[PDB]
Structures are given as structure tokens and as C-alpha cells.
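Taking it in order: structure first as C-alpha cells, then the write-up.
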Ligand SMILES: Nc1c(C(=O)N[C@@H](CC(=O)O)C(=O)O)ncn1[C@@H]1O[C@H](COP(=O)(O)O)[C@@H](O)[C@H]1O
Ligand SMILES: Nc1c(C(=O)N[C@@H](CC(=O)O)C(=O)O)ncn1[C@@H]1O[C@H](COP(=O)(O)O)[C@@H](O)[C@H]1O
Ligand SMILES: Nc1c(C(=O)O)ncn1[C@@H]1O[C@H](COP(=O)(O)O)[C@@H](O)[C@H]1O
Ligand SMILES: Nc1c(C(=O)O)ncn1[C@@H]1O[C@H](COP(=O)(O)O)[C@@H](O)[C@H]1O
């Protein structure tokens, strides 16, 4: 592990070059806590390890969801390796609940006002003037350029949208711990190699407000330190316990709270290719997916026996019925299970206009849905599992963001042919 | 004209009761100009008449577009009659071009930054503290109640949307005079009788920034007075000329700059009812609409002769072809005029699925469009005329607003069944 020159030095972390690794850096956390732009600063033993653990869990969580993030791997108790970025000097805040500086800048608004959707604000990084709020108009007018990327309307719109998606994913991920994510701050950078804007710096207990059971008086974040009238060593021990409480629970955000399974039932092996597309698409959402062959018309006894094997082992299941021509498979399955059934018929333009009505017009007492896209049927099945599984939900949420970013990037490209 | 007690008294106008007229008031303008919350104040002869003329033209313009507005009629040189309202103490600003206080509150943004869509801001009315900017969150938290209407999320969303629509309509209306509407301020009230939020107070030369040829140095609005280092009587005469310049041109916003006509051609008198719906709908947009009877199949010589009568008199024309069954009327018309042709076939569920393809799949060199809704065909024809006629455009723009407000009101009603 061949460390090079000190590239940047902050109040709680240092970034070093790696002579062994082109375009990667090491972020070393420090045993230091700070607040405000006066002399609130303190040595706190174990803080480097707590900070590094939290940002390492959180970045792994966001990266595995599909959020583009400056994170390679954890690297000992107190550092992590990241792709080298040029930092954008903006603090991006997202709020679910109005507290803190939102109340100061908006007198009359009360503690607890809820933002639907979550509110995004920008602060320019400058300690000298205590990080003043900026409009999007101010950020665009600054004509910032980092690793050769000019930060214009498109880039500002992307960091704004991503800030909201990242908040939403962290908010959903803390929920199973009975913790309310109130707000957070993040920073983005331009990856010097890819030129992509990515989540960067760190996310740790300085980055957010976390209320157990949504109770402010139980705050576990750095606000406990900000709020001390006087820093005593008894005060610093409470703040340390709060950091430890977060650190003891953060790894559980990477844990699945619910098992998920899709079972694709096909009436014929000639539909196998259509079924492989559903299975592959389920893999993108981290949902195990099984293929089976059964015909409602030639083997209805066996259809019900197979159904029962999946009903009976306790694993929450979505069935996808793939039957061409007169689809009896979705209907018979739909009528005989309390679990959801999705018909995804392998329609073609020859007879598809005729065949689809066998999936759509069903007798009463049948919940059976229809999704024509095979990738769509997996996505629908993911949306069902996302109601009870934060990891699936997070991949769906990040996927909304990434698709939207792709449109922005494609419109930016085509906009050039208009000059 | 039986005047009653003085109800409110401001710096430039007074509101009186009308003993003869329940729920109506008289707004009397004054020969007074003011700026800021120090001693910039001056008698200016003819200002009452200039102010009253401008707000009377502008309110007539907005009201005839379909913007809900506290305006009954002009009432002498220096007053106008209005429905009685309880004023909402918010200054609603809309901007196309960043200047003025937008530059002070956003250092770094340059004179001339364009807002797409136009930017809406709120300022709380309070002279003591110089009208501080409010967030929507602050306005909602104030829980203001006027004529019994609680001002919540829905009401704030309506005033915000209406502010933008009113700006857009004034902006479009000034364009034919080569004047750039840069920004404006308006106020809304709750009509004490209807309980509807309506545009109120006044719109005059104090209300906006108007740049001839988009040149700031040619400003014709009250900014000319705000900007004087020292008020001299030579300075006040320039400001008076600027007010007179606006007053001499404002009546021209009520003038049509282009003639518009729809001609509905029907193959049979059995389709007349369908044609009456198009004609009535054209009336809603102030577009004259003629009905004619001609068959492409039984009288194609006559179809072309009628076409030529409308092509030949100089009046810009949209043709609507109404032919049931195999529509030959739209095609033959489309092929023989440079003017737009819209097929609006009187489809019914009996044979409509079969009949529509005769309007849709045309030989090359035919521009002919299809609009199934008869009210839709008039609206499409209005959208075409709105490219060259600000009065039509303004009715279409106000109609977007009003329809959106109707949805907000219907969602507010149905939301009650969920409690
Ligand atoms: N990370 C930071 C910072 C921050 O960088 N603070 C330093 C001060 C400084 O470095 O200048 C400190 O006092 O901790 N301030 C707020 N937040 C977070 O951002 C969201 C907004 O908080 P608000 O704007 O309401 O203070 C909440 O989640 C804070 O934890
Ligand atoms: N009507 C007013 C007022 C206004 O009420 N002003 C008074 C002062 C006062 O009464 O407190 C005056 O100085 O004229 N200030 C701005 N505007 C208009 O609102 C938009 C925003 O202007 P900005 O906020 O940039 O000054 C532009 O069109 C101004 O003409
Ligand atoms: N096509 C089927 C099947 C089946 O295929 O099992 N069972 C009932 N149906 C038909 O659906 C309509 C609605 O019937 P219900 O909603 O009362 O079951 C009827 O015409 C029935 O014969
Ligand atoms: N249906 C009509 C008429 C007409 O009705 O006058 N004129 C040409 N067509 C047909 O449209 C197709 C496209 O032809 P063009 O686009 O080259 O006119 C052809 O098959 C033609 O016979």
C-alpha cells in the first residue's frame, strides 16, 4: 500500500495519492470533531473508525443500489480507497422535516413541517462567510469547470435530482431501524478519469440528522455536539456514545429484511428465451428467479402441485405466467393462489392483437395482471417486493434517477445538431 | 353615483363603499407618486388618470382573456368599480429577465439572465420591514383567512400559477408594440361574495418594468423615478413623459393585429349538429366561424369554387372538413389549398374505427391533420391563430390556467371523502 503526497487536508480527513494505483486516492479519517467557524474543535478517540465505517457501509449501500459514487473499497479501520475526483464546492442539502437553518431562514415555519417531495438547497463552500445559500441561478453563473466539465444547467439539474434520490434511499434504508432521517448534506465531484459527476466526500454522522422513533431529543447525529452550551469531557462522552450507537447499527442497512422470489411458469420450452429475459431482469433487482415448465391445459394437476411447492416453503413469491396463444396458465394460477400472478405472454405481431385478450378479460374473482414487456414483468415484480424490501426499492429508485440522467445526456448531445 | 365611507386609504389610491351597489367598491387613483419607505413622494398632475387608464385597459384585457379579476368597469378619468375583496397581503412578482432585487439577493447573476419558465417570488406586505421575501412554506404557516377562505397549499399553488399566466399574457400583449415586459408585481384578493381568489389591487406603470426594444436605458416604467439620484422638477417631467408614453400605447393591447376565420365544410346537412359544436367553440376563442355545405364526391367543382372564395379575400383561414364515412372532403381540400385543413369526422362507435383511416392514411403531398373532438378542432384552430394573434393566444393561456384550477378544486373536494 504505497502512499504518495498529501493532496488535500481538511478538518476531519486527509486525501493521499496512491503511486501503485493511477486515478485512485486514499481518504484517511482523523480522530477530530468540529462545529462552526470559531474554536469548537476536539480530539475524540475512535471517531476516525466510526466515520470510516459509516461512510464505507453507506457508500457500499448507495453503490449497490446503482448510485454513481466515488468509492472503491474500505482500506483498514480508518480509511477507504476512492476514484480521484475534482470536488464541486457546493454543500447539497435535502430535507424531509424542517429544522435547523431552514427555520432560521424561514421565520414562521414550525419544527416538523414535512416536505413532499424532499426539499433540496445549495450552500457555497467558503468558511470565511459561513457557507452562504446559493440559488441554482448563482451556481450556473459561476461557470465552474472541474476535470474539464463545465457545470451548467444540465449538471446542476443532475446534482439536484441525485441529491433527492440519495436522501430517499438513505431515508428508506434507516426506516427498518425505527430511525427518521430528517435531512442530510452531501458533496459531488467530477471523476478525473470518467468525467462523470459522482457522489463524493463522505457520508457519516456529521452528514445527517437521525431521530430514533422520530424524536428530536433522542438525536444520534453531530447535532448533539453542535447544541452543547459548553464542551465538557462528560459532554464529549455522550456525543461519542451517539456516534457509537449509529456505528453499531449502520451495517444493518446492508441486510435484507425480507426474502423475495419470482417463479416464471412456461407452458412450453419454445418460450424459454422470453423466460430467460425475465430471469436476467430479476437479477438486476437482486431477486432470485426460478423457471418451471407446466401446462394448465395438458397437465393442470401438475400446475397446482408446482404452485403448492412455492406456496408452502414460506418464501414470499410472485408468479409470472408465460403462455402463448390462449393463455390458461395465468388464469388457473391466479384463481388458485393468494400470491400475485402476472401474465407476460410472448406476443408477436402475427397473432398478438388476438392472443392478449385471453390474459385481459378474466372471470370475476381473478386478480391476474398483464405486463407485455418481459423486462417490465421483472420490474413490476421488483416494485411489489420493494414495498417490503428496502434493497429492491433502492435499486428501483436509483434506476429512475439513472434513466432520467441518460435522457438529460442524450438531449445534451442532440441539442448540438441544432447549432 | 352614491359614494359611502372611506374603506382603505393607500399612498396612491383610496377605496370607497357604494351605497347603491352591494358588494362593489370604487378605487379612486390619486395624483401622487412614491418610491421606497423614506420620503421619496411627489405630487404629479395627470398621474391618477394615467394609472386608472392603464389598470382599466389591462384588467379589461385580462378579464376578456378569462383571468378572474376584480374589475367591473371604468368610472370616469381617475376611478374604476370593482367587486369588494379582502386583499391577501402578498406581493407576487414574476420575472422573465433578472434585474432589480433579483440581482441583490443573488450576487453573481448578471443583468439579462432569462427565466424559462418565468420565475415567481412572494414578498410579505409590511412597510416597517421593507417587504421581506417569503417562501411558500412561510405563507402556508401564516394560516391567513380572508372572507372565510383559509389560504393553504391549494390557494398558494393557485396564486403562484395565476401569477405566471398573467405575466405571460401581459408579456405577449406588449410584444406587438416592440416592448419587453421584464417583470411585474400583482396582488390577489378574496371576492367577499364569490369567495374566489381573483387578481385585484391595480396593474399600472408602478407594477412592471417595460423596456422598448428590450433596452433598459429606454425604461418607460416607475424605475425611471426610483433611479433619480435627486428628484428635481426637470426629473419629474421626464418620469411624467414615460408614464404618458405607456398611457398613449396601452389601449392598443386591446386591438387585434390579425384577422382570423374558421370555415367548416360539411358534406351533408345531417352533420350540422357536429358543425354547430365547432362554431360555438370558435366563439369561445373570439374567432368568426362560417358553415358551408359541399360534397367532394357529388360536387367537386363547387368544393373548389367555395375554397377559392375564402382563399381570395385576404382573410387568414383554417378549413375544418366534416365528412362521415369515406372522408374525401378533407383530402381534396388539403390537396388544393396552402391554408391548413383539419378533418374532424363525426365518428360514432358503429363504424368510427373503420371510417377514421380515410382521414389518417393520405397520399404524399397532403398536410391534412385529424382532430376527433369537435371542441378540440376549434381549439386546434385557435392554437394556429394564436401564433399571430395575442388575443386568441391569451384565451388559450388563461384556459390552461382555469382548467388546472378546476382540477385543484375538484381534488380538494374529493380529498374530503378520504377523512
Ligand atoms: N453537514 C452539515 C453542516 C456542516 O458542514 N457543518 C459544520 C460547520 C462547518 O463546517 O462550516 C458543523 O457545524 O458541523 N451543517 C449542516 N450539515 C448538515 O446538513 C443538513 C442541514 O442542516 P442546517 O442547514 O439545517 O444546519 C443537516 O443534516 C446537518 O447535519
Ligand atoms: N411594484 C413594485 C414594488 C413596490 O411596491 N415598490 C415601492 C416601494 C414600496 O411601496 O415599498 C416602490 O419603490 O415603487 N417594488 C418593485 N415592484 C415591481 O415588482 C417587480 C420586482 O421588482 P424588484 O423586486 O426587482 O424591485 C418590478 O416590476 C417592480 O416594478
Ligand atoms: N371463462 C370462464 C371460466 C374459466 O375458464 O374457468 N370460468 C368462468 N368463465 C366465464 O367468465 C364469465 C364471467 O363469469 P363469473 O365472473 O360469474 O365467473 C362467464 O361467462 C363464465 O362462463
Ligand atoms: N388515394 C389516392 C389518391 C386520391 O384519392 O386522389 N391519389 C393517390 N392515392 C393513392 O395513395 C398512394 C400514394 O401515392 P402518392 O403518394 O405517390 O400520390 C397510391 O397508392 C395512390 O394511388
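Residue numbers (our numbering), protein chains in the order written: chain A, 298 to 716; chain G, 298 to 716. We put the beta carbon where it would ideally sit given N, CA and C, even for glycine.
My assumption, with CB atoms under 8 Å, is that residue i sits in contact with residue j. Please give the rounded CB distance.
{"i": "residue 619 of chain G", "j": "residue 562 of chain G", "result": "7 Å"}
{"i": "residue 362 of chain A", "j": "residue 691 of chain A", "result": "4 Å"}
{"i": "residue 445 of chain G", "j": "residue 477 of chain G", "result": "Rounded, the Cβ-Cβ distance is 40 Å, inconsistent with contact."}
{"i": "residue 359 of chain G", "j": "residue 472 of chain G", "result": "Residue 359 of chain G to residue 472 of chain G, Cβ: 16 Å. No contact."}
{"i": "residue 460 of chain A", "j": "residue 417 of chain A", "result": "5 Å"}
{"i": "residue 366 of chain A", "j": "residue 326 of chain A", "result": "Their Cβ separation, rounded to whole angstroms, is 17 Å, which puts residue 366 of chain A and residue 326 of chain A out of contact at 8 Å."}
Reducing DSSP to helix, strand and coil, say where residue i ends up.
{"i": "residue 339 of chain G", "result": "strand"}
{"i": "residue 582 of chain A", "result": "coil"}
{"i": "residue 530 of chain A", "result": "helix"}
{"i": "residue 478 of chain A", "result": "strand"}
{"i": "residue 597 of chain G", "result": "helix"}
{"i": "residue 718 of chain A", "result": "Any question about residue 718 of chain A goes unanswered here, given that chain A covers just 298 to 716."}
{"i": "residue 311 of chain G", "result": "strand"}
{"i": "residue 489 of chain G", "result": "coil"}
{"i": "residue 694 of chain A", "result": "helix"}
{"i": "residue 326 of chain G", "result": "strand"}
{"i": "residue 615 of chain G", "result": "strand"}
{"i": "residue 545 of chain G", "result": "helix"}
{"i": "residue 712 of chain G", "result": "helix"}
{"i": "residue 497 of chain G", "result": "strand"}
{"i": "residue 517 of chain G", "result": "coil"}
{"i": "residue 602 of chain A", "result": "helix"}
{"i": "residue 347 of chain A", "result": "helix"}
{"i": "residue 352 of chain G", "result": "helix"}
Of the choices the options, whose alpha-carbon is the least far from that of residue i?
{"i": "residue 433 of chain A", "options": "G/440, G/405, G/560", "result": "G/405"}
{"i": "residue 457 of chain A", "options": "A/484, A/442, A/648", "result": "A/484"}
{"i": "residue 482 of chain A", "options": "A/467, A/490, A/301, A/368", "result": "A/467"}
{"i": "residue 629 of chain A", "options": "A/597, A/606, A/641", "result": "A/597"}
{"i": "residue 719 of chain A", "options": "A/314, A/389, A/686", "result": "Since the displayed chain A opens at 298 and closes at 716, residue 719 of chain A lies outside it and no answer follows."}
{"i": "residue 431 of chain A", "options": "A/353, A/454, A/633, A/387", "result": "A/387"}
{"i": "residue 390 of chain A", "options": "A/328, A/454, A/411, A/504", "result": "A/504"}
{"i": "residue 539 of chain G", "options": "G/328, G/365, G/660, G/507", "result": "G/507"}
{"i": "residue 582 of chain A", "options": "A/470, A/451, A/681", "result": "A/681"}
{"i": "residue 410 of chain G", "options": "G/342, G/383, G/480", "result": "G/480"}
{"i": "residue 272 of chain G", "options": "G/317, G/676, G/378", "result": "As displayed, chain G neither begins before 298 nor continues past 716, which places residue 272 of chain G out of reach and without an answer."}
{"i": "residue 557 of chain G", "options": "G/494, G/587, G/570", "result": "G/587"}
{"i": "residue 449 of chain G", "options": "G/425, G/424, G/494, G/397", "result": "G/494"}
{"i": "residue 594 of chain G", "options": "G/639, G/623, G/649, G/464", "result": "G/623"}
{"i": "residue 529 of chain G", "options": "G/341, G/318, G/308, G/314", "result": "G/341"}
{"i": "residue 513 of chain G", "options": "G/367, G/337, G/397", "result": "G/397"}
{"i": "residue 575 of chain G", "options": "G/499, G/675, G/527", "result": "G/675"}
{"i": "residue 543 of chain G", "options": "G/525, G/580, G/475, G/657", "result": "G/475"}
{"i": "residue 462 of chain A", "options": "A/392, A/517, A/498", "result": "A/392"}
{"i": "residue 637 of chain A", "options": "A/370, A/533, A/408, A/665", "result": "A/665"}
{"i": "residue 647 of chain G", "options": "G/621, G/570, G/567, G/580", "result": "G/621"}
{"i": "residue 439 of chain A", "options": "A/421, A/671, A/547, A/545", "result": "A/421"}
{"i": "residue 559 of chain G", "options": "G/333, G/517, G/578, G/696", "result": "G/578"}
Distance cutoff 8 Å, beta carbons only. Does residue i sit that close to anything in chain A?
{"i": "residue 405 of chain G", "result": "yes"}
{"i": "residue 432 of chain G", "result": "yes"}
{"i": "residue 636 of chain G", "result": "no"}
{"i": "residue 461 of chain G", "result": "no"}
I'd like to know if residue i contacts chain G, where contact means its C-beta is closer than 8 Å to some C-beta of that chain.
{"i": "residue 410 of chain A", "result": "yes"}
{"i": "residue 425 of chain A", "result": "no"}
{"i": "residue 435 of chain A", "result": "yes"}
{"i": "residue 439 of chain A", "result": "yes"}
{"i": "residue 395 of chain A", "result": "yes"}
Quick check: does the Cβ of residue i come within less than 7 Å of any heavy atom belonging to ligand 5?
{"i": "residue 623 of chain G", "result": "Absent from the structure shown: ligand 5. Ligands present: ligand 1, ligand 2, ligand 3 and ligand 4."}
Could you say if the stretch 304 to 324 of chain G and the stretch 641 to 654 of chain G meet the contact criterion of at least three C-beta pairs nearer than 8 Å? no
Assess contact between the stretch 398 to 418 of chain A and the stretch 333 to 349 of chain A, defined as three or more Cβ pairs (one per stretch) separated by less than 8 Å. Is contact present? no
Taking three-plus beta-carbon pairs below 8 Å as touching, is the stretch 438 to 452 of chain A in contact with the stretch 657 to 673 of chain A? no
Inter-stretch contact at 8 Å, needing at least 3 Cβ pairs: the stretch 602 to 621 of chain G / the stretch 698 to 708 of chain G: no
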